Amino acid sequence: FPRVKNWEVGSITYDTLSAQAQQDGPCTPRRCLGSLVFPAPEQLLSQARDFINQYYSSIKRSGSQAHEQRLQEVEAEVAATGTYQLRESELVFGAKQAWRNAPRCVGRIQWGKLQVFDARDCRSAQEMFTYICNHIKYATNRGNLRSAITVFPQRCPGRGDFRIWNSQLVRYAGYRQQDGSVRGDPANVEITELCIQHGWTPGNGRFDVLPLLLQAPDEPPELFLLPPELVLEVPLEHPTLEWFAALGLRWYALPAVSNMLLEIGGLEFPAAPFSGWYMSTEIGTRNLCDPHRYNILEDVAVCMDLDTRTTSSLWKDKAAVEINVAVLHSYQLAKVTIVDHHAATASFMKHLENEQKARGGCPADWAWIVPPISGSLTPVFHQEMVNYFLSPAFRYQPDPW
Amino acid sequence: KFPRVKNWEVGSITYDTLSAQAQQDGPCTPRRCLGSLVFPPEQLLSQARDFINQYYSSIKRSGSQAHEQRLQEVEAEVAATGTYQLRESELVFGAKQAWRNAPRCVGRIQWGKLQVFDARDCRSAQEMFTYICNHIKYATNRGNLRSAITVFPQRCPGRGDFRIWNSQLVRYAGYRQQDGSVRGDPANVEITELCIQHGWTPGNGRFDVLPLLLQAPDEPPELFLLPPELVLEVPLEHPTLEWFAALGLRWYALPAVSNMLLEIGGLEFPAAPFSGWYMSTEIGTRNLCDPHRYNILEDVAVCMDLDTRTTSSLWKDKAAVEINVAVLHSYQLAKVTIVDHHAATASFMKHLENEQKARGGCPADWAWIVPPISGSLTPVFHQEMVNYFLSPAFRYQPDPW
Ligand code: HEM
Ligand code: HEM
Ligand SMILES: CNCc1cccc(-c2cc(C)cc(N)n2)c1
Ligand SMILES: CNCc1cccc(-c2cc(C)cc(N)n2)c1
Ligand SMILES: C[C@H](O)[C@H](O)[C@H]1CNc2nc(N)[nH]c(=O)c2N1
Ligand SMILES: C[C@H](O)[C@H](O)[C@H]1CNc2nc(N)[nH]c(=O)c2N1
Ligand SMILES: [Cl-]
Ligand SMILES: [Cl-]
Ligand SMILES: [Gd+3]
Ligand SMILES: [Gd+3]
Ligand SMILES: [Zn+2]
């Protein structure tokens with residue numbers, strides 16, 4: 001039982017829940033690969049067996065009537081069909097659980113407040129698009145963001161997968177330039193190219209929202225433009241730096257990850273976009289200041305009159321902090337839910353406590369939980385963490401192209 | 001079986017073949033990752049053999065002349081005495097290699113530049129004290145700091161240990177009150193309690209330099225007052241916040257770790273204090289701003305008239321950048337060697353590349369290499385890293401009581 005210390009307080013707990021870690025991660029006793037970003041009917045049965053166990057624990061009916069039947073049902077169905085179907089309530093609980101179990105989500109205090117849209121009856125790319133618009137619409141909620149997920153039909157033998165090719169429902173075009181550079185988001189050069197290849201008429205702005213590439217089973221992907229009024233964006237300004245609005249920067253309201261696979265009791269949902277609300281550092285530090293992203297840090301520091309010729313002046317730190325200020329302020333001004341890294345990490349500390357009393361631990365990826373600026377200013381820095389894989393889960397999956 | 005290591009800023013890929021050598025098992029298993037945790041007879045011959053084969057290959061002297069020779073005399077030395085003494089050059093090569101291998105050290109680009117004082121003929125606490133004082137005054141060098149390690153005698157059974165009871169050679173006092181709370185440094189409250197418990201007159205202030213507790217073999221330890229002229233300190237002021245000086249903050253010039261156990265060729269020196277120069281975030285972020293440390297963040301923010309009423313003002317972030325600016329400013333004004341986290345991480349990237357060329361990898365603890373402020377602003381953040389144990393090494397060790 002791994003012992004876990006909080007260095008800010010001296011707290012000490014033992015993560016007994018790690019002992020249930022089913023699937024294996026990348027670390028050995030030889031080498032730690034923690035920092036790496038990217039680490040059969042009977043097995044379907046034990047996964048399903050376990051998840052059903054899980055589900056019946058949660059409804060306080062463990063080992064009860066419905067519990068036995070569901071096991072024998074699932075086994076008979078797996079025997080008969082090679083697979084099985086989740087009941088709707090099992091599906092709501094397996095999507096909440098998969099958010100609960102997501103080691104790299106600091107926003108997991110919210111894991112129970114999750115709106116699950118059952119789209120498992122989806123039939124085409126076109127219906128898929130409609131479900132997705134209603135997800136975006138429900139979640140955005142005019143800026144009062146709501147956590148939601150739409151579960152599209154599960155992988156099953158005989159039919160290809162549903163896939164959202166886009167890594168997120170809202171992404172900014174990244175056009176490779178004349179002179180070898182990128183206009184827009186360099187992280188989205190590939191998906192932009194695929195859109196163009198699939199007949200998207202590209203723009204030439206820095207914040208061109210991408211179309212959706214939606215793959216119905218055994219179909220080429222299909223291109224769907226998002227209605228501009230569905231995609232609530234936030235123009236970026238600074239509460240005191242008034243030249244900041246002249247940078248033309250924007251970010252969108254809704255972080256909806258669309259390329260992850262949702263796993264529940266051995267069943268695989270290759271298309272299940274989920275959305276919450278942003279933590280300002282993702283936008284302010286990562287998205288705008290990563291050297292491989294919008295990379296605005298030097299331009300802001302130059303505009304800020306900072307001395308960018310020496311690193312000891314901390315012009316990077318100063319300019320980044322005001323970019324994050326701008327993001328927070330711009331989102332409050334626009335009445336769009338946003339959580340700063342101080343508030344987010346402090347509720348994650350409550351999550352770890354709730355999770356310790358609830359499950360004897362909580363899977364947590366320190367390098368992803370700790371914010372990318374002001375790390376030790378937040379309490380999660382001084383919290384040791386045990387990272388491991390629980391199921392249900394959101395997993396990475398290969399890109400379908 | 002060769003870890004793929006990516007850098008996400010550039011896209012470059014390397015493989016850590018060096019990870020194949022890992023001796024002492026790490027804390028991580030396929031089922032859980034514990035990398036974020038801080039403190040997770042003739043066996044001597046295996047480690048002895050390996051270290052000697054290292055040395056000679058490093059001087060391009062594999063399989064010739066003194067190689068087989070030196071192998072015999074340690075085969076004979078252990079045969080006769082059950083231990084062995086290091087050739088002066090080997091103790092130097094082992095000290096440099098331990099530093100080279102310290103995964104958590106971000107300043108290893110400097111690893112080839114190290115001064116080894118040989119205190120292996122040490123006897124009595126009064127002896128170490130002058131050895132330490134020689135080191136200190138050598139390392140300090142009037143502010144133009146020079147890396148140094150003083151290696152005190154190795155370990156043998158039936159004898160006590162050489163131990164410096166302090167964690168560092170320069171540590172600040174920490175005193176309790178009629179209400180438990182601490183004046184001074186709470187990270188040293190315990191050793192501050194020992195120093196008084198061994199007959200030291202306690203001061204009043206928040207920056208009293210503690211006396212050393214030096215321990216000779218099989219002997220209770222002796223108090224030592226460091227020469228005040230030998231403890232180079234930097235009064236902390238801020239380039240443009242004239243009141244920062246008034247806050248009365250200081251830190252010492254020399255970061256000298258005096259509680260880790262140097263381990264070369266299977267020899268264990270429980271007293272081998274090493275020292276370099278600081279990186280400014282050690283002082284300005286961890287030492288002054290950690291809530292369990294000097295915890296000055298809110299004080300500085302009040303003086304800056306920041307809005308401490310809301311977390312989203314990023315007042316914590318703003319006051320922390322300024323505390324770091326003061327540290328860098330004050331050390332530079334005092335002409336004390338110090339390196340900012342940007343310069344430091346950038347050199348570490350340079351180091352990783354050197355080590356990829358030299359030894360095909362570099363053990364690196366991601367969570368300790370990424371600085372505690374402005375993480376993703378430094379390149380090491382975007383660099384994947386592999387953590388493993390190589391020999392020779394610096395190890396943690398129990399408190400000598
Ligand atoms: C409601 C507020 C939420 C907040 C504030 C939040 C915050 C975050 C942050 C900051 C990350 C790190 C991503 C990065 O740094 O690039 C993350 C990752 C993640 N989140 Fe949350 N999140 C929220 C909601 C959700 C929801 C609703 C789900 C699922 C239903 C979810 C599942 C995940 C997953 C699976 C990851 C890992 C994705 C990856 O590894 O790239 N999160 N979250
Ligand atoms: C010359 C400039 C140097 C710089 C800027 C530097 C910087 C650092 C920093 C920032 C850490 C993180 C420790 C913490 O934050 O608590 C560290 C750890 C460490 N350093 Fe270096 N260091 C330097 C030289 C050296 C030397 C000369 C040695 C030994 C010969 C050394 C050995 C270590 C070890 C063993 C650790 C890990 C200690 C632990 O885990 O507590 N460093 N260093
Ligand atoms: C820089 N963020 C990229 C990224 C990558 C992966 C996940 C997110 C995410 C997802 C959700 C549901 C909320 C949130 N706040 N973030 C974001
Ligand atoms: C707040 N850091 C405490 C700490 C803990 C452990 C080591 C250091 C250290 C050691 C050396 C040789 C240089 C340096 N710059 N740091 C510092
Ligand atoms: C290379 C390194 O692991 C990588 O940049 C990680 C570090 N920690 C992170 N943490 C979060 N939350 N998001 C990220 O994208 C990353 N990136
Ligand atoms: C809990 C966490 O592992 C712990 O606070 C570590 C994280 N990274 C660190 N990094 C450095 N350089 N120094 C530290 O003390 C720590 N503390
Ligand atoms: Cl994002
Ligand atoms: Cl220190
Ligand atoms: Gd103005
Ligand atoms: Gd006034
Ligand atoms: Zn690990």
# chains A, B, ... in the order shown; residues from 1 in each chain; ligands from 1
call {"tool": "residues_near_ligand", "arguments": {"ligand": "ligand 11", "cutoff": "6 Å", "atoms": "only C-alpha atoms and all ligand atoms", "output": "PyMOL selection string"}}
result
(chain A and resi 27+32-34) or (chain B and resi 28+33-35)
call {"tool": "residues_around", "arguments": {"residues": "residue 259 of chain B", "least_positions_apart": "6", "cutoff": "8 Å", "atoms": "only C-alpha atoms", "output": "PDB file with N, CA and C atoms, in the first residue's frame"}}
result
ATOM      1  N   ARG B 163      28.558  11.808  10.244  1.00  0.00           N
ATOM      2  CA  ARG B 163      27.266  12.399   9.913  1.00  0.00           C
ATOM      3  C   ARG B 163      27.301  13.891  10.211  1.00  0.00           C
ATOM      4  N   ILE B 164      26.896  14.702   9.238  1.00  0.00           N
ATOM      5  CA  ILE B 164      26.473  16.072   9.511  1.00  0.00           C
ATOM      6  C   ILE B 164      24.980  16.025   9.800  1.00  0.00           C
ATOM      7  N   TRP B 165      24.594  16.418  11.014  1.00  0.00           N
ATOM      8  CA  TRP B 165      23.199  16.295  11.423  1.00  0.00           C
ATOM      9  C   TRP B 165      22.289  17.311  10.744  1.00  0.00           C
ATOM     10  N   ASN B 166      22.828  18.431  10.276  1.00  0.00           N
ATOM     11  CA  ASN B 166      22.018  19.369   9.522  1.00  0.00           C
ATOM     12  C   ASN B 166      21.770  18.822   8.121  1.00  0.00           C
ATOM     13  N   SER B 167      20.671  19.271   7.516  1.00  0.00           N
ATOM     14  CA  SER B 167      20.401  18.926   6.125  1.00  0.00           C
ATOM     15  C   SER B 167      21.281  19.728   5.183  1.00  0.00           C
ATOM     16  N   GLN B 168      21.579  20.970   5.553  1.00  0.00           N
ATOM     17  CA  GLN B 168      22.504  21.822   4.825  1.00  0.00           C
ATOM     18  C   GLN B 168      23.509  22.414   5.799  1.00  0.00           C
ATOM     19  N   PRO B 270      28.461   8.335   4.575  1.00  0.00           N
ATOM     20  CA  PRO B 270      27.282   9.045   5.097  1.00  0.00           C
ATOM     21  C   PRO B 270      27.496  10.541   5.334  1.00  0.00           C
ATOM     22  N   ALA B 271      28.693  11.066   5.087  1.00  0.00           N
ATOM     23  CA  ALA B 271      28.983  12.488   5.252  1.00  0.00           C
ATOM     24  C   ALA B 271      29.864  12.892   4.077  1.00  0.00           C
ATOM     25  N   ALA B 272      29.242  13.470   3.049  1.00  0.00           N
ATOM     26  CA  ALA B 272      29.957  13.957   1.870  1.00  0.00           C
ATOM     27  C   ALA B 272      29.262  15.214   1.372  1.00  0.00           C
ATOM     28  N   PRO B 273      29.316  16.294   2.150  1.00  0.00           N
ATOM     29  CA  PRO B 273      28.563  17.502   1.788  1.00  0.00           C
ATOM     30  C   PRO B 273      29.018  18.074   0.453  1.00  0.00           C
ATOM     31  N   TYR B 396      19.444   9.235  -0.390  1.00  0.00           N
ATOM     32  CA  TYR B 396      18.936   9.651   0.904  1.00  0.00           C
ATOM     33  C   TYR B 396      19.365   8.648   1.971  1.00  0.00           C
ATOM     34  N   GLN B 397      19.245   9.055   3.229  1.00  0.00           N
ATOM     35  CA  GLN B 397      19.688   8.196   4.316  1.00  0.00           C
ATOM     36  C   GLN B 397      18.956   8.599   5.580  1.00  0.00           C
ATOM     37  N   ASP B 399      17.826   9.918   9.206  1.00  0.00           N
ATOM     38  CA  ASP B 399      18.347  10.912  10.129  1.00  0.00           C
ATOM     39  C   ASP B 399      19.182  10.205  11.194  1.00  0.00           C
TER      40      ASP B 399
END
call {"tool": "residues_around", "arguments": {"residues": "residue 2 of chain A", "least_positions_apart": "3", "cutoff": "12 Å", "atoms": "only C-alpha atoms", "output": "PyMOL selection string"}}
result
(chain A and resi 5+12-19+360-363+384-388) or (chain B and resi 27-29+31-37+39-40)
call {"tool": "residues_near_ligand", "arguments": {"ligand": "ligand 5", "cutoff": "7 Å", "atoms": "only C-alpha atoms and all ligand atoms", "output": "list in words"}}
result
residues 35, 36, 37, 104, 367, 368, 369, 370, 371 and 372 of chain A; 7, 8, 381, 382, 383 and 384 of chain B
call {"tool": "select_by_dssp", "arguments": {"residues": "segment 89-163 of chain A", "states": "helix (DSSP H, G or I)", "output": "PDB file with N, CA, C and O atoms, in the first residue's frame"}}
result
ATOM      1  N   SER A  89     -28.732   3.354 -17.148  1.00  0.00           N
ATOM      2  CA  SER A  89     -28.186   3.795 -15.869  1.00  0.00           C
ATOM      3  C   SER A  89     -26.760   3.292 -15.676  1.00  0.00           C
ATOM      4  O   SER A  89     -25.906   4.013 -15.153  1.00  0.00           O
ATOM      5  N   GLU A  90     -26.485   2.054 -16.079  1.00  0.00           N
ATOM      6  CA  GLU A  90     -25.104   1.607 -16.090  1.00  0.00           C
ATOM      7  C   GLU A  90     -24.262   2.520 -16.957  1.00  0.00           C
ATOM      8  O   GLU A  90     -23.077   2.727 -16.671  1.00  0.00           O
ATOM      9  N   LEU A  91     -24.852   3.076 -18.020  1.00  0.00           N
ATOM     10  CA  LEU A  91     -24.070   3.908 -18.924  1.00  0.00           C
ATOM     11  C   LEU A  91     -23.765   5.257 -18.291  1.00  0.00           C
ATOM     12  O   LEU A  91     -22.657   5.780 -18.454  1.00  0.00           O
ATOM     13  N   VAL A  92     -24.746   5.844 -17.595  1.00  0.00           N
ATOM     14  CA  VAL A  92     -24.523   7.095 -16.879  1.00  0.00           C
ATOM     15  C   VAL A  92     -23.468   6.895 -15.795  1.00  0.00           C
ATOM     16  O   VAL A  92     -22.589   7.739 -15.599  1.00  0.00           O
ATOM     17  N   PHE A  93     -23.501   5.752 -15.115  1.00  0.00           N
ATOM     18  CA  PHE A  93     -22.532   5.514 -14.055  1.00  0.00           C
ATOM     19  C   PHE A  93     -21.135   5.213 -14.602  1.00  0.00           C
ATOM     20  O   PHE A  93     -20.131   5.562 -13.968  1.00  0.00           O
ATOM     21  N   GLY A  94     -21.043   4.561 -15.766  1.00  0.00           N
ATOM     22  CA  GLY A  94     -19.744   4.291 -16.366  1.00  0.00           C
ATOM     23  C   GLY A  94     -19.087   5.487 -17.030  1.00  0.00           C
ATOM     24  O   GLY A  94     -17.871   5.480 -17.230  1.00  0.00           O
ATOM     25  N   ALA A  95     -19.866   6.482 -17.427  1.00  0.00           N
ATOM     26  CA  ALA A  95     -19.296   7.721 -17.929  1.00  0.00           C
ATOM     27  C   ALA A  95     -18.863   8.624 -16.785  1.00  0.00           C
ATOM     28  O   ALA A  95     -17.835   9.294 -16.882  1.00  0.00           O
ATOM     29  N   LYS A  96     -19.630   8.655 -15.696  1.00  0.00           N
ATOM     30  CA  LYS A  96     -19.187   9.407 -14.527  1.00  0.00           C
ATOM     31  C   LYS A  96     -17.934   8.788 -13.937  1.00  0.00           C
ATOM     32  O   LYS A  96     -16.985   9.495 -13.587  1.00  0.00           O
ATOM     33  N   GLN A  97     -17.920   7.461 -13.835  1.00  0.00           N
ATOM     34  CA  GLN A  97     -16.771   6.751 -13.300  1.00  0.00           C
ATOM     35  C   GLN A  97     -15.529   7.016 -14.136  1.00  0.00           C
ATOM     36  O   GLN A  97     -14.450   7.276 -13.594  1.00  0.00           O
ATOM     37  N   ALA A  98     -15.669   6.996 -15.468  1.00  0.00           N
ATOM     38  CA  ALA A  98     -14.507   7.184 -16.334  1.00  0.00           C
ATOM     39  C   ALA A  98     -13.928   8.584 -16.187  1.00  0.00           C
ATOM     40  O   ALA A  98     -12.737   8.799 -16.431  1.00  0.00           O
ATOM     41  N   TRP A  99     -14.757   9.551 -15.822  1.00  0.00           N
ATOM     42  CA  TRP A  99     -14.230  10.865 -15.482  1.00  0.00           C
ATOM     43  C   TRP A  99     -13.586  10.838 -14.104  1.00  0.00           C
ATOM     44  O   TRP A  99     -12.497  11.375 -13.915  1.00  0.00           O
ATOM     45  N   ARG A 100     -14.255  10.215 -13.133  1.00  0.00           N
ATOM     46  CA  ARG A 100     -13.666   9.986 -11.822  1.00  0.00           C
ATOM     47  C   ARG A 100     -12.275   9.362 -11.913  1.00  0.00           C
ATOM     48  O   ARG A 100     -11.375   9.744 -11.164  1.00  0.00           O
ATOM     49  N   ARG A 108     -11.822  16.944 -11.486  1.00  0.00           N
ATOM     50  CA  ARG A 108     -12.625  15.795 -11.094  1.00  0.00           C
ATOM     51  C   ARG A 108     -13.443  16.003  -9.823  1.00  0.00           C
ATOM     52  O   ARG A 108     -14.159  15.078  -9.436  1.00  0.00           O
ATOM     53  N   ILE A 109     -13.377  17.166  -9.165  1.00  0.00           N
ATOM     54  CA  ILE A 109     -14.341  17.433  -8.091  1.00  0.00           C
ATOM     55  C   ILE A 109     -15.764  17.369  -8.649  1.00  0.00           C
ATOM     56  O   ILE A 109     -16.707  16.986  -7.944  1.00  0.00           O
ATOM     57  N   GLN A 110     -15.922  17.687  -9.933  1.00  0.00           N
ATOM     58  CA  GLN A 110     -17.182  17.741 -10.656  1.00  0.00           C
ATOM     59  C   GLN A 110     -17.638  16.396 -11.221  1.00  0.00           C
ATOM     60  O   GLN A 110     -18.602  16.370 -11.991  1.00  0.00           O
ATOM     61  N   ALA A 125     -23.352   9.562 -39.952  1.00  0.00           N
ATOM     62  CA  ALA A 125     -22.591  10.785 -39.741  1.00  0.00           C
ATOM     63  C   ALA A 125     -23.516  11.979 -39.538  1.00  0.00           C
ATOM     64  O   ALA A 125     -23.263  12.832 -38.679  1.00  0.00           O
ATOM     65  N   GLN A 126     -24.603  12.057 -40.315  1.00  0.00           N
ATOM     66  CA  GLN A 126     -25.497  13.212 -40.229  1.00  0.00           C
ATOM     67  C   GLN A 126     -26.177  13.292 -38.865  1.00  0.00           C
ATOM     68  O   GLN A 126     -26.215  14.361 -38.245  1.00  0.00           O
ATOM     69  N   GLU A 127     -26.710  12.171 -38.381  1.00  0.00           N
ATOM     70  CA  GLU A 127     -27.316  12.135 -37.057  1.00  0.00           C
ATOM     71  C   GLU A 127     -26.286  12.427 -35.996  1.00  0.00           C
ATOM     72  O   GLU A 127     -26.572  13.109 -35.002  1.00  0.00           O
ATOM     73  N   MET A 128     -25.088  11.872 -36.179  1.00  0.00           N
ATOM     74  CA  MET A 128     -23.959  12.175 -35.319  1.00  0.00           C
ATOM     75  C   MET A 128     -23.752  13.675 -35.198  1.00  0.00           C
ATOM     76  O   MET A 128     -23.574  14.201 -34.097  1.00  0.00           O
ATOM     77  N   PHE A 129     -23.793  14.382 -36.330  1.00  0.00           N
ATOM     78  CA  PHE A 129     -23.610  15.826 -36.311  1.00  0.00           C
ATOM     79  C   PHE A 129     -24.688  16.515 -35.476  1.00  0.00           C
ATOM     80  O   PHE A 129     -24.401  17.451 -34.723  1.00  0.00           O
ATOM     81  N   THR A 130     -25.930  16.049 -35.584  1.00  0.00           N
ATOM     82  CA  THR A 130     -27.026  16.675 -34.855  1.00  0.00           C
ATOM     83  C   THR A 130     -26.870  16.484 -33.359  1.00  0.00           C
ATOM     84  O   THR A 130     -27.045  17.428 -32.580  1.00  0.00           O
ATOM     85  N   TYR A 131     -26.593  15.246 -32.944  1.00  0.00           N
ATOM     86  CA  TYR A 131     -26.281  14.959 -31.555  1.00  0.00           C
ATOM     87  C   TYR A 131     -25.177  15.864 -31.030  1.00  0.00           C
ATOM     88  O   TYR A 131     -25.180  16.231 -29.852  1.00  0.00           O
ATOM     89  N   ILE A 132     -24.214  16.211 -31.883  1.00  0.00           N
ATOM     90  CA  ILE A 132     -23.024  16.911 -31.420  1.00  0.00           C
ATOM     91  C   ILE A 132     -23.327  18.373 -31.221  1.00  0.00           C
ATOM     92  O   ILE A 132     -22.903  18.984 -30.228  1.00  0.00           O
ATOM     93  N   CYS A 133     -24.061  18.947 -32.177  1.00  0.00           N
ATOM     94  CA  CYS A 133     -24.596  20.290 -32.032  1.00  0.00           C
ATOM     95  C   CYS A 133     -25.421  20.420 -30.765  1.00  0.00           C
ATOM     96  O   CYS A 133     -25.327  21.426 -30.055  1.00  0.00           O
ATOM     97  N   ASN A 134     -26.241  19.417 -30.455  1.00  0.00           N
ATOM     98  CA  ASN A 134     -27.025  19.536 -29.238  1.00  0.00           C
ATOM     99  C   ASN A 134     -26.150  19.361 -27.996  1.00  0.00           C
ATOM    100  O   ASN A 134     -26.403  20.011 -26.968  1.00  0.00           O
ATOM    101  N   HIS A 135     -25.097  18.531 -28.074  1.00  0.00           N
ATOM    102  CA  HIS A 135     -24.108  18.508 -26.997  1.00  0.00           C
ATOM    103  C   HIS A 135     -23.508  19.900 -26.795  1.00  0.00           C
ATOM    104  O   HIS A 135     -23.619  20.477 -25.713  1.00  0.00           O
ATOM    105  N   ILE A 136     -22.871  20.446 -27.840  1.00  0.00           N
ATOM    106  CA  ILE A 136     -22.286  21.789 -27.782  1.00  0.00           C
ATOM    107  C   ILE A 136     -23.293  22.799 -27.240  1.00  0.00           C
ATOM    108  O   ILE A 136     -22.964  23.655 -26.405  1.00  0.00           O
ATOM    109  N   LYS A 137     -24.524  22.747 -27.751  1.00  0.00           N
ATOM    110  CA  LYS A 137     -25.536  23.704 -27.324  1.00  0.00           C
ATOM    111  C   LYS A 137     -25.849  23.530 -25.846  1.00  0.00           C
ATOM    112  O   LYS A 137     -25.852  24.506 -25.092  1.00  0.00           O
ATOM    113  N   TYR A 138     -26.094  22.291 -25.409  1.00  0.00           N
ATOM    114  CA  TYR A 138     -26.379  22.050 -24.000  1.00  0.00           C
ATOM    115  C   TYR A 138     -25.222  22.499 -23.122  1.00  0.00           C
ATOM    116  O   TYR A 138     -25.424  23.123 -22.067  1.00  0.00           O
ATOM    117  N   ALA A 139     -23.993  22.149 -23.520  1.00  0.00           N
ATOM    118  CA  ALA A 139     -22.857  22.401 -22.651  1.00  0.00           C
ATOM    119  C   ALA A 139     -22.546  23.887 -22.571  1.00  0.00           C
ATOM    120  O   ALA A 139     -22.241  24.406 -21.499  1.00  0.00           O
ATOM    121  N   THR A 140     -22.531  24.551 -23.716  1.00  0.00           N
ATOM    122  CA  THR A 140     -22.158  25.947 -23.762  1.00  0.00           C
ATOM    123  C   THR A 140     -23.127  26.762 -22.926  1.00  0.00           C
ATOM    124  O   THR A 140     -22.712  27.583 -22.101  1.00  0.00           O
ATOM    125  N   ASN A 141     -24.430  26.514 -23.109  1.00  0.00           N
ATOM    126  CA  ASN A 141     -25.465  27.068 -22.243  1.00  0.00           C
ATOM    127  C   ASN A 141     -25.290  28.579 -22.084  1.00  0.00           C
ATOM    128  O   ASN A 141     -25.489  29.149 -21.004  1.00  0.00           O
ATOM    129  N   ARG A 142     -24.876  29.221 -23.178  1.00  0.00           N
ATOM    130  CA  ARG A 142     -24.705  30.668 -23.286  1.00  0.00           C
ATOM    131  C   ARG A 142     -23.583  31.201 -22.400  1.00  0.00           C
ATOM    132  O   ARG A 142     -23.542  32.394 -22.105  1.00  0.00           O
ATOM    133  N   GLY A 143     -22.685  30.327 -21.971  1.00  0.00           N
ATOM    134  CA  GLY A 143     -21.555  30.681 -21.149  1.00  0.00           C
ATOM    135  C   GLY A 143     -21.630  30.114 -19.761  1.00  0.00           C
ATOM    136  O   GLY A 143     -20.619  30.125 -19.053  1.00  0.00           O
TER     137      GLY A 143
END
call {"tool": "residues_around", "arguments": {"residues": "residue 117 of chain B", "least_positions_apart": "3", "cutoff": "9 Å", "atoms": "only C-alpha atoms", "output": "list in words"}}
result
residues 92, 131, 134, 135, 148, 149, 150, 151 and 152 of chain B
call {"tool": "residues_around", "arguments": {"residues": "residue 94 of chain B", "least_positions_apart": "5", "cutoff": "10 Å", "atoms": "only C-alpha atoms", "output": "list in words"}}
result
residues 51, 52, 54, 55, 86, 88, 89, 99, 100, 262, 263, 264, 265, 391, 392 and 393 of chain B
call {"tool": "atom_distance", "arguments": {"atom1": "atom CA of residue 121 of chain A", "atom2": "atom CA of residue 268 of chain A"}}
result
15.1 Å
call {"tool": "residues_near_ligand", "arguments": {"ligand": "ligand 1", "cutoff": "7 Å", "atoms": "only C-alpha atoms and all ligand atoms", "output": "NGL selection string"}}
result
:A and (95-96 or 98-99 or 102 or 104-108 or 110-111 or 114 or 147-149 or 274-279 or 282 or 339 or 344 or 368 or 394)
